[PDB]
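Report on the structure given below.
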Amino acid sequence: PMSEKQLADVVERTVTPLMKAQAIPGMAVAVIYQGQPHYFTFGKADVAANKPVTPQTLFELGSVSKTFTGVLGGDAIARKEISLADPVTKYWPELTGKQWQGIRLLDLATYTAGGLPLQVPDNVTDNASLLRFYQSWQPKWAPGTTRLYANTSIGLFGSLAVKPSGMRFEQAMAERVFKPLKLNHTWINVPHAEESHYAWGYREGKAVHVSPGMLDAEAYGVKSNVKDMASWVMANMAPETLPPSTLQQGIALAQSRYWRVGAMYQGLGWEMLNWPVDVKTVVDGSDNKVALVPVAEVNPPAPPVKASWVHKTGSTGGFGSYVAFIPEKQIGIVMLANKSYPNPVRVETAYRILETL
Ligand SMILES: *C(=O)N1C[C@H](NOS(=O)(=O)O)CC[C@H]1C(N)=O
């Protein structure tokens with residue numbers, strides 16, 4: 001096995017020229033290895049204030065937020081509050097258009113509703129406008145037959161999934177996921193008292209934070225530090241070490257396989273490829289195309305496979321995050337950056353580091 005000094009050398013030798021070439025001001029990395037987290041921090045959380053990245057620095061996770069949404073949805077299924085087979089109209093009866101009749105919660109959760117678009121329009125700012133948005137939408141394909149990665153899809157899934165609980169999405173997430181896992185520095189809204197930890201993101205050299213939008217918490221709005229994200233990876237990689245609960249059950253539901261596109265399998269938030277897999281296949285299987293693609297159905301959903309590469313990418317205007325783990329090998333990695341850089345490069349960097357273990 002690799003010593004702490006040897007592992008630190010591996011991470012530094014890769015991250016340092018990456019940050020220079022990409023102009024990434026700061027990065028926090030966690031490697032999960034031999035049951036332990038290993039933290040490495042580089043550069044600046046706030047360039048203008050000359051503030052370094054630390055293990056307490058908060059980064060915007062962007063679409064990595066969807067892994068929390070998927071597990072919270074799985075927890076709601078285990079609580080028998082929702083079923084993925086249920087019609088969307090069971091939870092939003094005001095959605096009366098004929099195009100919605102055959103669409104299920106499963107389709108929202110896994111991007112198979114038939115072409116829901118990538119973003120909620122910025123001018124949709126209240127519930128009446130959100131209703132008009134989904135009422136107006138015209139599908140391109142029958143549900144359960146195509147994939148189009150979309151915040152409007154899993155974002156609405158997250159919002160409807162917590163409806164039977166009576167809680168706001170943020171409340172449900174804190175009470176049912178964050179608190180039981182002791183993710184005490186993971187936030188949908190960064191409290192005033194925690195702002196000193198909040199890194200700035202950088203786009204074209206300008207400091208930026210993610211803008212508020214409808215369904216943001218569900219799709220791209222979580223902020224966290226490298227220690228909480230290591231704990232998140234550890235909980236999803238080794239949920240059998242948790243006490244029995246609906247949350248443990250929900251973690252399994254989120255890593256179940258619902259659809260296949262090429263070599264990638266769609267979970268709830270999480271995406272998976274069968275292990276062993278070459279790095280080029282992981283890169284090819286983690287491009288969310290602008291265009292729709294057909295899917296192959298996994299019916300019934302397949303339970304979690306320990307021999308999987310499990311991962312999720314995420315970005316905001318100013319941040320780029322990545323998490324990946326292999327349960328069969330009990331290794332995993334978190335990479336948090338305050339500049340967005342290409343997803344294939346995140347995969348390549350992570351894959352190379354995990355290979356050394
Ligand atoms: C998630 O971060 N987002 C939604 C979509 N994600 O595709 S990705 O995971 O391959 O990065 C596009 C970018 C981002 C967003 N702008 O909402």
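Naming scheme: A, B, ... for chains in displayed order of the structure tokens; residues 1 onward per chain; ligands 1 onward as shown.
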
* To do: Would you please give, as a PyMOL selection string, all residues of stretch 57-208 of chain A that DSSP assigns to helix (DSSP H, G or I) based on the backbone?
  => chain A and resi 62-78+88-91+98-100+105-110+127-136+151-161+163-165+169-178+192-197

Counting only C-alpha atoms and all ligand atoms, which protein, DNA or RNA residues come within 8 Å of ligand 1, given as an mmCIF file with N, CA and C atoms, in the first residue's frame?
```cif
data_model
loop_
_atom_site.group_PDB
_atom_site.id
_atom_site.type_symbol
_atom_site.label_atom_id
_atom_site.label_comp_id
_atom_site.auth_asym_id
_atom_site.auth_seq_id
_atom_site.Cartn_x
_atom_site.Cartn_y
_atom_site.Cartn_z
ATOM 1 N N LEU A 61 -20.945 22.699 -5.437
ATOM 2 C CA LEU A 61 -20.903 21.371 -6.044
ATOM 3 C C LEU A 61 -21.573 21.319 -7.411
ATOM 4 N N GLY A 62 -22.391 22.311 -7.749
ATOM 5 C CA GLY A 62 -23.146 22.212 -8.986
ATOM 6 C C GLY A 62 -23.928 20.911 -9.061
ATOM 7 N N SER A 63 -23.883 20.265 -10.224
ATOM 8 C CA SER A 63 -24.696 19.075 -10.475
ATOM 9 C C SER A 63 -24.336 17.877 -9.605
ATOM 10 N N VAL A 64 -23.208 17.894 -8.887
ATOM 11 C CA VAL A 64 -22.984 16.850 -7.892
ATOM 12 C C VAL A 64 -24.086 16.878 -6.830
ATOM 13 N N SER A 65 -24.772 18.021 -6.685
ATOM 14 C CA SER A 65 -25.961 18.116 -5.834
ATOM 15 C C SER A 65 -26.986 17.038 -6.155
ATOM 16 N N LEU A 118 -32.763 21.582 -20.513
ATOM 17 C CA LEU A 118 -31.658 21.595 -19.555
ATOM 18 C C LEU A 118 -31.939 22.513 -18.364
ATOM 19 N N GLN A 119 -32.406 23.740 -18.616
ATOM 20 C CA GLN A 119 -32.539 24.712 -17.542
ATOM 21 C C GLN A 119 -33.960 25.225 -17.402
ATOM 22 N N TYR A 149 -30.253 14.797 -20.371
ATOM 23 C CA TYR A 149 -29.864 15.319 -19.069
ATOM 24 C C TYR A 149 -30.474 16.701 -18.866
ATOM 25 N N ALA A 150 -31.150 16.906 -17.731
ATOM 26 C CA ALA A 150 -31.958 18.115 -17.605
ATOM 27 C C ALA A 150 -32.198 18.467 -16.143
ATOM 28 N N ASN A 151 -31.846 19.700 -15.761
ATOM 29 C CA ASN A 151 -32.185 20.177 -14.423
ATOM 30 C C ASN A 151 -33.686 20.282 -14.215
ATOM 31 N N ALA A 219 -31.139 20.654 -8.128
ATOM 32 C CA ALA A 219 -30.344 20.332 -9.302
ATOM 33 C C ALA A 219 -28.883 20.753 -9.228
ATOM 34 N N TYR A 220 -28.546 21.844 -8.530
ATOM 35 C CA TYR A 220 -27.174 22.337 -8.639
ATOM 36 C C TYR A 220 -26.727 23.241 -7.496
ATOM 37 N N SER A 286 -19.668 9.703 -19.872
ATOM 38 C CA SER A 286 -20.040 10.771 -18.952
ATOM 39 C C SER A 286 -20.238 12.099 -19.672
ATOM 40 N N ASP A 287 -20.413 12.065 -20.991
ATOM 41 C CA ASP A 287 -20.785 13.247 -21.757
ATOM 42 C C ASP A 287 -22.308 13.310 -21.820
ATOM 43 N N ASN A 288 -22.892 14.346 -21.220
ATOM 44 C CA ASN A 288 -24.328 14.604 -21.348
ATOM 45 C C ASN A 288 -24.544 15.426 -22.609
ATOM 46 N N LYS A 312 -20.144 11.289 -10.386
ATOM 47 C CA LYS A 312 -20.960 12.413 -10.845
ATOM 48 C C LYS A 312 -20.061 13.626 -11.016
ATOM 49 N N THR A 313 -20.234 14.328 -12.134
ATOM 50 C CA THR A 313 -19.627 15.629 -12.383
ATOM 51 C C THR A 313 -20.579 16.755 -11.990
ATOM 52 N N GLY A 314 -20.005 17.922 -11.716
ATOM 53 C CA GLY A 314 -20.852 19.077 -11.491
ATOM 54 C C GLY A 314 -20.132 20.394 -11.678
ATOM 55 N N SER A 315 -20.826 21.389 -12.220
ATOM 56 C CA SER A 315 -20.228 22.693 -12.438
ATOM 57 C C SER A 315 -21.240 23.783 -12.134
ATOM 58 N N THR A 316 -20.717 24.945 -11.774
ATOM 59 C CA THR A 316 -21.465 26.188 -11.833
ATOM 60 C C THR A 316 -20.652 27.141 -12.697
ATOM 61 N N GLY A 317 -21.108 28.389 -12.787
ATOM 62 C CA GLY A 317 -20.363 29.362 -13.562
ATOM 63 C C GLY A 317 -18.906 29.417 -13.156
ATOM 64 N N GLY A 320 -15.913 23.776 -10.527
ATOM 65 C CA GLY A 320 -15.952 22.460 -11.137
ATOM 66 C C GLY A 320 -15.665 21.393 -10.107
ATOM 67 N N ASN A 343 -14.934 18.358 -18.116
ATOM 68 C CA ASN A 343 -15.275 17.110 -17.437
ATOM 69 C C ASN A 343 -14.354 15.949 -17.804
#
```

Which residues of stretch 28-125 of chain A have any atom within 10 Å of an atom in stretch 15-18 of chain A when counting only C-alpha atoms, and what is the closest pair of atoms for each, with the distance in Å to one decimal? Order the rows by chain and rising number and write it as JSON lines.
```
{"residue": "A:28", "atom": "CA", "partner": "A:15", "partner_atom": "CA", "distance": 9.8}
{"residue": "A:29", "atom": "CA", "partner": "A:15", "partner_atom": "CA", "distance": 9.1}
{"residue": "A:40", "atom": "CA", "partner": "A:15", "partner_atom": "CA", "distance": 9.8}
{"residue": "A:41", "atom": "CA", "partner": "A:15", "partner_atom": "CA", "distance": 9.7}
{"residue": "A:42", "atom": "CA", "partner": "A:16", "partner_atom": "CA", "distance": 8.0}
{"residue": "A:43", "atom": "CA", "partner": "A:16", "partner_atom": "CA", "distance": 9.3}
```

Output N, CA and C atoms for every residue in the selection just made, as a compact mmCIF listing (two decimals), in the first residue's frame.
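The new file again_11.txt reads:
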```txt
# COMPACT_ATOMS: atom_id res chain seq x y z
N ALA A 28 -9.45 21.52 -3.59
CA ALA A 28 -9.38 20.62 -2.44
C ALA A 28 -9.64 19.21 -2.95
N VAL A 29 -8.82 18.26 -2.51
CA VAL A 29 -8.92 16.88 -2.98
C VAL A 29 -9.00 15.98 -1.76
N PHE A 40 -5.93 17.01 0.70
CA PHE A 40 -4.87 17.77 0.05
C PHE A 40 -5.47 19.07 -0.45
N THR A 41 -4.86 20.21 -0.11
CA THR A 41 -5.42 21.49 -0.50
C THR A 41 -4.35 22.31 -1.21
N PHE A 42 -4.80 23.09 -2.20
CA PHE A 42 -3.90 23.82 -3.08
C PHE A 42 -4.48 25.19 -3.40
N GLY A 43 -3.63 26.21 -3.38
CA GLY A 43 -4.01 27.48 -3.96
C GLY A 43 -4.96 28.30 -3.10
```

So, with only C-alpha atoms as the atoms that count, which of A:283, A:226, A:345, A:215 lies closest to residue A:122?
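Ranked by minimum distance to residue A:122, first place goes to A:215.
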
Nearest to residue A:322 among A:349, A:152, A:266, A:299, with distances taken over only C-alpha atoms: which residue is it?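 Smallest distance to residue A:322 is found for A:349.
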
*Identify, on the basis of only C-alpha atoms, every residue whose closest approach to stretch 236-253 of chain A does not exceed 6 Å; exclude the query and any residue fewer than 3 positions from it along the same chain; express the result as an NGL selection string.*
:A and (71 or 74-75 or 78 or 233 or 256 or 327)

Deliver the residues from the most recent selection as a file, using N, CA and C atoms, as a PDB file, in the first residue's frame.
```pdb
ATOM      1  N   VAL A  71     -30.440  10.364  -3.493  1.00  0.00           N
ATOM      2  CA  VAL A  71     -30.508   9.623  -2.237  1.00  0.00           C
ATOM      3  C   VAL A  71     -31.712  10.067  -1.409  1.00  0.00           C
ATOM      4  N   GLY A  74     -34.542   8.354  -2.909  1.00  0.00           N
ATOM      5  CA  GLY A  74     -34.528   6.959  -2.503  1.00  0.00           C
ATOM      6  C   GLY A  74     -35.014   6.779  -1.079  1.00  0.00           C
ATOM      7  N   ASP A  75     -34.630   7.703  -0.194  1.00  0.00           N
ATOM      8  CA  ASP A  75     -35.099   7.658   1.187  1.00  0.00           C
ATOM      9  C   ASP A  75     -36.619   7.786   1.253  1.00  0.00           C
ATOM     10  N   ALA A  78     -38.121   4.463   0.326  1.00  0.00           N
ATOM     11  CA  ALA A  78     -38.017   3.525   1.437  1.00  0.00           C
ATOM     12  C   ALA A  78     -38.995   3.865   2.560  1.00  0.00           C
ATOM     13  N   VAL A 233     -18.863  10.523   0.115  1.00  0.00           N
ATOM     14  CA  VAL A 233     -18.378   9.422  -0.713  1.00  0.00           C
ATOM     15  C   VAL A 233     -18.281   8.145   0.117  1.00  0.00           C
ATOM     16  N   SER A 256     -28.985   1.904  -7.766  1.00  0.00           N
ATOM     17  CA  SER A 256     -29.567   0.882  -8.620  1.00  0.00           C
ATOM     18  C   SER A 256     -29.548   1.346 -10.079  1.00  0.00           C
ATOM     19  N   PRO A 327     -16.762   0.639  -5.311  1.00  0.00           N
ATOM     20  CA  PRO A 327     -17.031  -0.091  -4.062  1.00  0.00           C
ATOM     21  C   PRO A 327     -16.287  -1.417  -3.950  1.00  0.00           C
TER      22      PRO A 327
END
```

Pairwise distance, atom CA of residue A:80 with atom CA of residue A:272, equals 25.3 Å

Residue A:154 proximity check over A:108, A:235, A:47, A:335, using only C-alpha atoms: winner is A:108

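Here atom CA of residue A:282 is placed at a distance of 28.7 Å from atom CA of residue A:181.
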